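Going down the list, the sequences are from chains A and B. Residue numbers for the first sequence follow the UniProt record's numbering, so the first one is 1 and each next one is one higher. Residue numbers for the second sequence follow the UniProt record's numbering, so the first one is 425 and each next one is one higher. Heads up: the structure comes next, in structure tokens.
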Amino acid sequence: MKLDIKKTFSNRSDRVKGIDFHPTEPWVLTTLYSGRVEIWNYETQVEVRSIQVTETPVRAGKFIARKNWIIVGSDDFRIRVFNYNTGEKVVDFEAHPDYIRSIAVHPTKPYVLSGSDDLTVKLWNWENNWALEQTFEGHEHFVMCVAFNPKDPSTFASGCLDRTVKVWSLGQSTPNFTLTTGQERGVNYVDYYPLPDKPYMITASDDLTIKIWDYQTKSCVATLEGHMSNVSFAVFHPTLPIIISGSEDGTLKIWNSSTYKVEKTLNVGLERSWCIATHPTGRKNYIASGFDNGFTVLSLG
Amino acid sequence: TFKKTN
Numbered sequence: 001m002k003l004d005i006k007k008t009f010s011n012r013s014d015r016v017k018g019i020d021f022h023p024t025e026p027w028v029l030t031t032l033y034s035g036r037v038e039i040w041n042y043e044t045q046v047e048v049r050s051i052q053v054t055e056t057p058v059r060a061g062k063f064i065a066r067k068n069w070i071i072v073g074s075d076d077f078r079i080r081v082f083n084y085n086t087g088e089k090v091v092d093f094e095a096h097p098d099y100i101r102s103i104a105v106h107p108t109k110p111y112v113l114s115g116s117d118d119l120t121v122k123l124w125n126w127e128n129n130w131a132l133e134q135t136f137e138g139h140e141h142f143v144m145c146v147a148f149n150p151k152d153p154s155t156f157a158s159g160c161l162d163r164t165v166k167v168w169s170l171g172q173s174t175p176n177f178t179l180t181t182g183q184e185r186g187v188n189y190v191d192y193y194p195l196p197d198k199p200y201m202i203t204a205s206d207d208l209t210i211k212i213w214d215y216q217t218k219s220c221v222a223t224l225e226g227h228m229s230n231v232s233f234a235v236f237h238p239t240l241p242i243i244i245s246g247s248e249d250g251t252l253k254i255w256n257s258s259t260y261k262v263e264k265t266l267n268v269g270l271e272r273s274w275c276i277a278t279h280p281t282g283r284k285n286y287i288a289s290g291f292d293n294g295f296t297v298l299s300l301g
Numbered sequence: 425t426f427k428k429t430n
């Protein structure tokens, strides 16, 4: 492939644990181990807003653009929501009695999912005073990642250190199915292929592998090997035929999504990679990753 | 553990 990758913006900071693109402004949100969150305009290279949220790591953060909010989760057990235009704190509540690993936002209903070291996923309804609408129980270790199926967001996936992915339906108490990944050091990350042509999911593990799954047959389609330490994440790009992964080995890898072979390994020089975002409508094919020593926003093509 | 806290 000819990826002709370009560095749009990179900056140094404390360890970046969460990262997200705004869908209509050229902004990236980073959430840091130091308790701070930053919003950067990566085209003008100017800091839009930052907040010292807490003294504990902020492990998860997303835009909720349609409400002009960011939502963040931290090791002090709290979910907090801020208006990014005013800095006003909209809500602040204890969500789990343990670390919050991952937050996902429903695209068309006022729902947020949080996944936690307390072994659960919780569904919150912001139009019902941030009510706890449902708790999804069944995992047996830390829930590391939650993601809605973008083609059917009445369902979502959770990836867990118990070596499984569970796929759930809103309003139902048990998984539609449990995938036994064979990733024996656990699942750190799960994501969906975004287009209707493939029923695919992808998982990343401390066992150095990435696996692609057909969620209709439950078969493992491919195993991607090459990373040299824990794989923090792997995602399908929304508009290019590639998969992007990142690792504690300090690299991003770009894999061909047809052949499942590595195309490019990038050492961006920020030590360990922890988190990923892709621009949701594929603007400039932008991707962004957070690392021990800061973040980078890259364009492809 | 480092896994917990990293």
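Note that CB positions come from ideal geometry on N, CA and C, so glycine has one too.
Around the C-beta of A:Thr44, fewer than 16 other C-beta atoms lie within 10 Å, and the residue is accordingly described as exposed.
Per the C-alpha coordinates, the member of A:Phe93, A:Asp76 and A:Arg66 positioned closest to A:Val58 is A:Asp76. Put simply, the backbone Cα of A:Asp292 is about 26 Å away from that of A:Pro97. Looking at the DSSP output, A:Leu113 shares a beta bridge with A:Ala104 and A:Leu123. In the three-state reduction of the DSSP assignment, A:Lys261 falls in the coil class, being assigned neither a helical nor a strand state. In the pairwise beta carbon analysis, the region 161 to 175 of chain A is classified as not touching the region 67 to 84 of chain A: fewer than three pairs are separated by under 8 Å. Taking a contact to require three or more Cβ pairs closer than 8 Å, the region 217 to 226 of chain A and the region 266 to 278 of chain A do not qualify as touching.
Assignment of A:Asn41 by DSSP, reduced to helix, strand and coil, places it in the strand class. Residue range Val16 to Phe21 is occupied by the beta strand (DSSP E) that includes A:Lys17, with no alpha helix (DSSP H) assigned at that position. Under the three-state reduction of DSSP output, A:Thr239 falls in the coil class, being neither helix nor strand.
Closest in C-alpha terms to A:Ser205, from the list A:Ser219, A:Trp274, A:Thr54 and A:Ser258, comes A:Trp274. By the 16-neighbour rule on beta-carbons within 10 angstroms, A:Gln183 is buried. A:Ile71 sits away from A:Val121, with the two beta carbons spaced by 8 Å or more.
Uninterrupted beta strand (DSSP E) stretches at least 3 residues long and entirely within the region 194 to 245 of chain A occur at 200 to 204, 209 to 214, 220 to 225 and 231 to 236, given in chain order. Burial state of A:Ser245 is buried, judged by a 10 Å Cβ sphere holding 16 or more other Cβ atoms. Within the DSSP bridge table, the entry for A:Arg49 names A:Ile39 as partners. Residues of the same chain with a CB within less than 6 Å of the CB of A:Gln134, apart from the 5 flanking positions on each side, are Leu123 in chain order.
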